[PDB]
Amino acid sequence: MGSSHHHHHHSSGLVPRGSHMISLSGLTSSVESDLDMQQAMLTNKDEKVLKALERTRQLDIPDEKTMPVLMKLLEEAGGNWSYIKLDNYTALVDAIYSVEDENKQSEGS
């Protein structure tokens, strides 16, 4: 009136792996960028700025990285698109190519 009926088997538990990091959802942890949004407020855009994104979008470039890129050109050009567009905003090509490249190369923050 006392028999044991159980079984056991070895198992490691192999699971898949993926290298994808993105804040798809909100109201959650990983709020290290949620604050950075404040900086973008002190650096809005303009009507002409939308023109730059035109050439960038062609190469599939996000306005998030292009924002600080285009503003970098007008900085030295004192806000002159005439010259900056002398090569179809070539500056964006070499600029985005640099930033877009090497994204993991860093210590942390």
# chains A, B, ... in the order shown; residues from 1 in each chain; ligands from 1
$ select_by_dssp --residues "chain A" --states "alpha helix (DSSP H)" --output "ChimeraX atom specification"
/A:37-41,49-58,63-76,81-84,90-100
$ closest_atom_pairs --of "segment 69-101 of chain A" --to "segment 51-56 of chain A" --cutoff "9 Å" --atoms "only C-alpha atoms" --output "CSV"
residue,atom,partner,partner_atom,distance
A:70,CA,A:52,CA,6.8
A:85,CA,A:52,CA,8.9
A:88,CA,A:55,CA,7.3
A:89,CA,A:52,CA,7.1
A:92,CA,A:56,CA,7.0
A:93,CA,A:56,CA,7.8
A:96,CA,A:56,CA,8.6
$ residues_around --residues "segment 35-44 of chain A" --least-positions-apart "6" --cutoff "10 Å" --atoms "only C-alpha atoms" --output "PyMOL selection string"
chain A and resi 64+67-68+71
$ write_last_selection --atoms "N, CA, C and O atoms" --output "compact mmCIF listing (two decimals), in the first residue's frame"
# COMPACT_ATOMS: atom_id res chain seq x y z
N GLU A 64 17.03 60.59 -36.76
CA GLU A 64 17.57 60.66 -35.40
C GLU A 64 19.08 60.89 -35.43
O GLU A 64 19.62 61.63 -34.61
N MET A 67 19.82 64.27 -37.80
CA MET A 67 19.54 65.54 -37.12
C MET A 67 20.84 66.22 -36.71
O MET A 67 21.13 67.35 -37.12
N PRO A 68 21.64 65.54 -35.88
CA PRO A 68 22.92 66.06 -35.39
C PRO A 68 23.97 66.14 -36.49
O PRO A 68 25.01 66.77 -36.33
N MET A 71 22.96 69.52 -38.83
CA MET A 71 23.25 70.68 -37.99
C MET A 71 24.75 70.92 -37.88
O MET A 71 25.19 72.03 -37.60
$ residues_around --residues "residue 65 of chain A" --least-positions-apart "6" --cutoff "10 Å" --atoms "only C-alpha atoms" --output "list in words"
residues 95, 96, 99 and 100 of chain A
$ write_last_selection --atoms "N, CA and C atoms" --output "compact mmCIF listing (two decimals), in the first residue's frame"
# COMPACT_ATOMS: atom_id res chain seq x y z
N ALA A 95 29.45 61.64 -43.29
CA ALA A 95 29.08 61.77 -41.88
C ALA A 95 28.33 60.54 -41.40
N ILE A 96 27.22 60.22 -42.07
CA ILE A 96 26.41 59.07 -41.70
C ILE A 96 27.21 57.78 -41.80
N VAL A 99 29.26 57.60 -38.45
CA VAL A 99 28.42 57.32 -37.30
C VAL A 99 27.78 55.94 -37.41
N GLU A 100 27.10 55.70 -38.52
CA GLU A 100 26.44 54.42 -38.75
C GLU A 100 27.40 53.26 -38.52
$ atom_distance --atom1 "atom CA of residue 33 of chain A" --atom2 "atom CA of residue 109 of chain A"
10.6 Å
$ atom_distance --atom1 "atom CA of residue 45 of chain A" --atom2 "atom CA of residue 102 of chain A"
26.4 Å
$ closest_residue --among "A:32, A:11, A:17, A:59" --to "residue 108 of chain A" --atoms "only C-alpha atoms"
A:32
$ atom_distance --atom1 "atom CA of residue 47 of chain A" --atom2 "atom CA of residue 22 of chain A"
29.5 Å
